[PDB]
Each structure stands twice: as C-alpha cells, then as structure tokens.
C-alpha cells in the first residue's frame, strides 16, 4: 500500500505529470541520500562526494534529514511507502552531502557546495533545507551570480520562532520558504521576516528516512486503517539529566473506543480501563508544550491506548512534543487532525487498536526544512513544462500564483501564500511572464 501525504495533494503535484522532468536537474544540499531505500534507490540520482562527508549515497547513522527532504521531492511511485512531488523516476537529482551525523562536515563552504551542484551536477534548481544566522557580501554576491545565471535557489526560513533572518534564505537571490500545517495555519516555529516569500507543507510531514530509523503509527477499527488520514506517533520526551530526551512508546493496544469529554478546562474521562481513549487536545504548542495535559487525562483514567485529536484553534494535523516530566505516558498514544477525531467519535464503543511502531523506513517531521522541498519540488516540476523560461521567471510565476494565506496580501508569516503547482503551470502556459 502506498500513501500520498497531505502536502503532496495540497500543493497540487498529484494532478500534474513529471513526464518531462528529465529536462530539469534539482540538487539537494543536505545530509545525504539513502540510496538503499526502496522509495529512493531507482531514481535518476547522482552525487558528488566530498572528503569530509564520505559517500553522498550513505547518510550514516542518525543523519536522515536529507533523505526525508529527498523523499518529499521524489519518493518513488510503486505501491509502497509514499510518493514525492516527482515520483515517476524522470527528474534528475544531484546530491551534495554537507552534513554528517555530528554536523556540518563539508571540506568547503556553502558557496562551494552550490558551485558543485551547478558545475558537477548541472543543477537548474538548488534546494537548501538549512540555514545560519550570519551573512556576508561574498556569499550574497556569489548566490546572486548563480541566480542571474539562471539557477533557481530555494531555502528554509528557519524554525527559531522569531523574526531573525536565516541565510541563505534571507538573501534576495533565494526564495525564503515558510511552513504551514494541513489547515494552512502558520507553523508557530516558522520564522517570520520580510524575506519570507512563499509557504509549503511543514507540520507533520511524512516521508522517507534512513532505513530502520523511522517510526509510524496506526489506528484500526473494523479491520480498516486510518493510516492514510494521518496518524502521528507521539514524539514523547522524558527527563534526561539537565534536559529532555526521546522516550518513544512503541507498542500496540486494543480496546473499546471511549472519549474523554472536554468541558472548559476540565476532563470527564470516567473509567478508561481496558479502553482506547479519544480526547480533544487542550491548548496548543507554542510558548509551551501542553500535549501532556489531554494525554495524561486519558492515562490517569486508566486508558490502554490514547488518541489525541486537534482542537478548533489548530484543526490541522499536529506533531507536537509530548513533554512527559513524570514519565506517566507508558502506553501508546498518537495524534490525529480534527476531522479524523470527529470521525472517530462516530465509532465510539467499537474495538480499536492503536499502535506506534519503531524501526520503520518512514517518519513524520516538522520544519521549514520540510516545506522547502515541497516548494523546490514543485518549482522543478512546473519548470519542466517550460524549460525555456528563466529561474527568475519561474520564481515570479510561483509567487504570482500562490494562494494568499493569513492576512490579505504578502505577509511575513506566509509570504505570498501556499505554493500552487497547477496555477503556476497555467501561468507559464500563457508565457514566461504569464498572461
């Protein structure tokens, strides 16, 4: 079975065809590409090794970021796993690995990595789900040169949750990408600046990760699965000395579905013993991490399994941190969007199985770094229909056809809005400058 993550559908990539993507080349500057992965092995992917990061096709351990990014761009269509923006093995992908498990390990600069993308990879699009706080004239000039030479540069705005500029995203020659969730709401962590240019799916993004390093969840009732609806295993964290460390609960639980009603700020769970506890999320991640509140409400009641669904404030699919100070949540708990939670209440009383599974080959990630590949992936796809147009023209098309979000007009949170592949393509169909 193959799933189409919400982001793929929202950007409109599923209705277009990448049959011509072979005339485009997108270079991913990141932590490598797990070429051994079933959903990535057979892509038209190449790479340029660097003395400091080993093989581009071997991310190593706990260095799956680049693989997740690559999966969003080109996870292969094959009835298993997921699908990326261009899943039919047409697009040319070049990999430049600048990150090792320990961190940046490239023998040279970011400018050098981009040079390699262009000179060695023949890249038309360079996607960078990375960022730093510093900026320089040499770098600004080098990237402006590549841009004017016809290379489209795209980067992540950052997840610091403030107005700071992250580079290269904040240079004028680069598209700064913001993150929004499945309800098109601005991601609380997404940095907001006057450089933010466009938005892409960046909360609860399912994609490929280094084989065996992922994690998934599922909800089954009447022999049917809610997996395709989006079920996120709780990113549980428990105390570990001077901080918190991941303490995932990977197990399965089965029992009659029962909901803990939320009245004001109080819970009416009753006796959840031997049952799967459905509960609406109280509060939302931002200045704090309240996931534990609704979650513990269920647990305290004796629930064997817990299903937390989004509230009306943030109805989209959330993948929040489950900060468990007392390490109380020792049962499998998951997160689903509001629509899914409301559909589940119709099944109350029925036998339900909730499960969190470790050692998987896919996983849900959050980040402007996840929104970025949606944008660069769509940019490459749309560009393949009109390779004659310049990078600046393609960039203009994406901006001119993005779906305005939040307050009317361009804003620092979402830029011009949610990228729209179909509209962008239609734009260039008229001419390289649109209608």
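Numbering follows the first chain given and starts at 1.
Visitor: Output the stretch having the higher mean C-alpha B factor in the entry; the candidates are 84-92 and 223-231.
Guide: Comparing 84-92 with 223-231, the higher average CA B-factor belongs to 223-231.
Visitor: So, looking at the entry's B-factor column for Cα atoms, which has the higher mean, 403-411 or 377-385?
Guide: Of 377-385 and 403-411, the stretch with the higher C-alpha B-factor average is 403-411.
Visitor: So among 124, 263, 191, 356, who wins on Cα B-factor in the entry?
Guide: Result of the comparison over 124, 263, 191, 356: 263.
Visitor: Taking the Cα B-factors listed in the entry, which of 180, 117, 204, 292 comes out highest?
Guide: That would be 292, according to the entry.
Visitor: Once the chain's modelled residues are ordered by C-alpha B factor and cut into thirds, is residue 251 in the lowest, middle or highest one?
Guide: Its C-alpha B-factor, which the entry lists for residue 251, ranks in the middle third among residues of this chain.
Visitor: Sorting by Cα B-factor within the chain, modelled residues only, which third would residue 106 end up in: lowest, middle or highest?
Guide: Residue 106: CA B-factor falls in the middle third of its chain.
Visitor: State the tercile, meaning the lowest, middle or highest third, of residue 241 with respect to the CA B-factors recorded for its chain.
Guide: Ranked within chain, residue 241 CA B lands in the highest tercile.
Visitor: How does the C-alpha B factor of residue 218 compare with the rest of the chain: lowest, middle or highest third?
Guide: CA B-factor rank for residue 218: middle third.
Visitor: Is residue 71 in the lowest, middle or highest third of its chain when residues are ranked by C-alpha B-factor?
Guide: CA B-factor rank for residue 71: lowest third.
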